[PDB]
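The chain below stands alone and is given in structure tokens; this is the form deposited in one PDB entry.
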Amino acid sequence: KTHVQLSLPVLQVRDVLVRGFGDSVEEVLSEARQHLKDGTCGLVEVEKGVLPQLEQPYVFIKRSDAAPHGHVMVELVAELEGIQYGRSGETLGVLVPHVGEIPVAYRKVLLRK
């Protein structure tokens, strides 16, 4: 399927144990997609002071359209030293590995895969 319904655990930035997906734009997009498929991907909501506490390159989920079955349609955009790889809508948050942190909420998304 071109899209997959996912419920992403929303993590507090200070709880996150693994603060990025790797060391290159291509690697972080690769790893983000693998973790989304394996159900091992978390979401951190972006506010003042969040991104400097995480590791670049960043992987964002961005709204790709204006929400089937309550799932917002999203795609992946990476960012490294202020340059983004991909073009999309509003940021829903930054993706990180999930390694058993307790979430505060869930974010239902339809991931363009």
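Residue numbers here begin at 1 and follow the sequence given.
Gap check for residue 83 to residue 84: zero deposited residues are absent from the model. Higher mean CA temperature factor between 69-77 and 55-63: 69-77, per the PDB entry. Per-chain ranking of the deposited C-alpha B factor places residue 25 in the middle third. When the modelled residues of the chain are ordered by their C-alpha B factor, residue 49 lands in the highest third.
We do not show the form solved in complex with a small molecule, though everything after this point is about it.
Interface membership of residue 113, defined by any non-hydrogen atom within 4.5 Å of the small molecule in the deposited bound form, is confirmed. Residue contact with the small molecule in the deposited bound form: residue 71 places no heavy atom within 4.5 Å of it. For residue 36, a non-hydrogen atom is located within 4.5 Å of the small molecule in the deposited bound form, even though that partner is not displayed.
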